[PDB]
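Please read the structure below before turning to the comments.
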Amino acid sequence: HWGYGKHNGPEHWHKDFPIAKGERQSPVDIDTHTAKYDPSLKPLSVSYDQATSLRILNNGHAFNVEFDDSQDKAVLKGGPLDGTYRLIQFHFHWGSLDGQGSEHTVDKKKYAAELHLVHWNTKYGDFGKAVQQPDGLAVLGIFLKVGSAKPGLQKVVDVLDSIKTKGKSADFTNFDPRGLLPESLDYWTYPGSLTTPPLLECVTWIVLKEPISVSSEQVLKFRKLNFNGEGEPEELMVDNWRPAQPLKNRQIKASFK
Ligand SMILES: Cc1cc(C)c2c(c1)S(=O)(=O)NC(=O)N2
Ligand SMILES: Cc1cc(C)c2c(c1)S(=O)(=O)NC(=O)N2
Ligand SMILES: [Zn+2]
Numbered sequence: 004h005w006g007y008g009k010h011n012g013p014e015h016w017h018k019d020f021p022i023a024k025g026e027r028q029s030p031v032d033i034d035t036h037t038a039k040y041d042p043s044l045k046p047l048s049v050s051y052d053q054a055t056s057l058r059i060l061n062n063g064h065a066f067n068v069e070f071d072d073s074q075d076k077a078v079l080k081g082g083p084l085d086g087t088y089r090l091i092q093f094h095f096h097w098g099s100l101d102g103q104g105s106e107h108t109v110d111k112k113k114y115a116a117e118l119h120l121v122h123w124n125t127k128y129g130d131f132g133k134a135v136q137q138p139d140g141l142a143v144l145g146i147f148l149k150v151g152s153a154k155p156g157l158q159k160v161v162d163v164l165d166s167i168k169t170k171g172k173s174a175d176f177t178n179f180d181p182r183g184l185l186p187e188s189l190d191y192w193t194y195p196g197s198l199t200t201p202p203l204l205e206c207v208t209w210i211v212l213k214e215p216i217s218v219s220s221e222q223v224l225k226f227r228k229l230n231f232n233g234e235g236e237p238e239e240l241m242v243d244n245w246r247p248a249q250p251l252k253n254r255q256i257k258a259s260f261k
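For the sequence shown, the residue numbers in PDB author numbering are 4 to 125, 127 to 261.
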């Protein structure tokens with residue numbers, strides 16, 4: 004099935020998932036001089052003080068940190084959003100080299116990695133119903149550049165040895181995602197999709213302007229994960245990013261001048 008190799012990567016996905024050539028696919032290049040400042044956009048409200056992390060999973064495409072989303076514990080509101088969106092998981096996309104790895108680009112710049120904090124619109129009752137709706141999800145995207153270490157990321161880095169291969173999971177309680185946020189919540193926003201199959205067009209993307217800095221050693225440890233399962237030939241989990249897709253009839257809005 005689908006992956007990031009030459010025979011099953013992004014250029015092949017449309018054969019099983021024809022929406023790959025759809026009208027609101029993600030990621031996109033953010034042309035900063037074409038995005039319009041929208042003074043009607045509100046500040047983001049990121050309320051993660053009560054977040055309850057549960058588990059970390061290597062799903063063969065990335066590693067996902069999963070949260071308890073059975074109550075309004077960690078929520079995203081405001082910005083372009085109507086209503087309340089509940090945090091369900093986060094994961095990253097990254098490169099084989101520091102020069103690439105992000106999915107979104109900024110004036111064609113590729114960052115070393117990109118963090119996706121995935122939230123679902125509570127009006128639909130659960131995640132499975134939400135992904136069926138054009139306003140079902142809000143994904144907060146945060147760029148990573150290589151520089152100083154991110155202290156709040158280290159607990160993630162240090163558990164990766166225990167989920168090296170596809171299908172492995174580990175307990176991952178009491179992780180505070182506030183330690184992954186930059187100082188500023190200035191953002192760009194546009195309507196898009198999941199960036200892997202099934203590529204559903206159900207996402208309000210909110211991409212922060214300010215990257216976070218992680219150390220070379222931190223991102224090097226991401227690159228030791230495996231796409232394969234245990235007992236299969238080793239294929240390093242690197243370059244698990246989809247390139248920019250056509251913007252088509254969409255406008256990217258900026259929260260900031
Ligand atoms: C607000 C809303 C609207 C529609 C059409 C819905 C739902 C909520 S729902 O609760 O997610 N389930 C469903 O099948 N259709
Ligand atoms: C809801 C969701 C599901 C999947 C598989 C996703 C994303 C969101 S995502 O945040 O668009 N990035 C990605 O690679 N896969
Ligand atoms: Zn993602």
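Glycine residues also receive a C-beta, built at the ideal position from the N, C-alpha and C atoms.
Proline 21 in three-state terms, based on DSSP: helix
Distance between beta carbons of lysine 225 and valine 161, contact taken as under 8 Å: 5 Å
Residue from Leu203, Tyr191, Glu205 and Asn232 whose Cα sits closest to the Cα of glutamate 214: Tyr191
Cβ-based burial, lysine 113 [other Cβ within 10 Å; buried from 16]: buried
Outcome for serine 99 when other beta-carbon atoms lying within 10 angstroms are tallied against a minimum of 16: exposed
Range covered by the alpha helix (DSSP H) that runs through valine 160: 158-163
Pick from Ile216, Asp32 and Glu26 that is closest to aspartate 110, judged by C-alpha positions: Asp32
Counted within 10 angstroms of its Cβ, other Cβ atoms place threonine 199 as buried (16 or more) or exposed: buried
CB of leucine 60 within 8 Å of CB of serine 166, strictly: no
Cutoff 6 Å; reference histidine 96; Cβ partners in own chain excluding five residues on either side: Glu106, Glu117, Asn244 and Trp245
Check: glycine 86 C-beta below 7 Å from any heavy atom of ligand 1: no
Closer than 7 Å: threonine 200 CB and nearest ligand 2 heavy atom: yes
C-alpha distance - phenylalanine 231 paired with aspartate 52, whole-angstrom precision: 33 Å
Backbone secondary structure at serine 43 - three-state DSSP: coil
Reduced DSSP category for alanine 115 - H, G, I as helix; E, B as strand; rest coil: coil
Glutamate 69: first and last residue of the uninterrupted beta strand (DSSP E) it sits in: 66-70
Spatial neighbours of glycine 233 in its chain, beta-carbon cut-off 8 Å, leaving aside the 5 residues before and after: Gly63, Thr169, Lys170 and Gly171
Per-residue DSSP class, three states only, for residue 3: The first residue shown for the chain is 4 and the last is 261, placing residue 3 beyond what the model contains.
Inter-residue spacing [alpha-carbon to alpha-carbon] between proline 202 and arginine 27: 13 Å
Heavy atom of ligand 1 within 7 Å of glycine 129 beta-carbon: yes
When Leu185, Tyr128, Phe179 and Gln136 are compared against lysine 154, the one with the closest alpha-carbon: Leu185
Which of helix, strand or coil DSSP assigns to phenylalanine 179: coil
Length at least 4, wholly inside the stretch 196-245: the alpha helix (DSSP H) runs in chain order: 220-226
Secondary structure of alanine 134, DSSP reduced to three states: helix
Rounded Cβ spacing between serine 73 and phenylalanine 179 (contact assumed at less than 8 Å): At roughly 17 Å, the Cβ-Cβ gap does not stay under 8 Å, so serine 73 and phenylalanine 179 are not in contact.
Reference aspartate 19, options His4, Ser29, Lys9 and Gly8, closest by Cα: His4
For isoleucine 167, the three-state DSSP class (helix, strand or coil): helix
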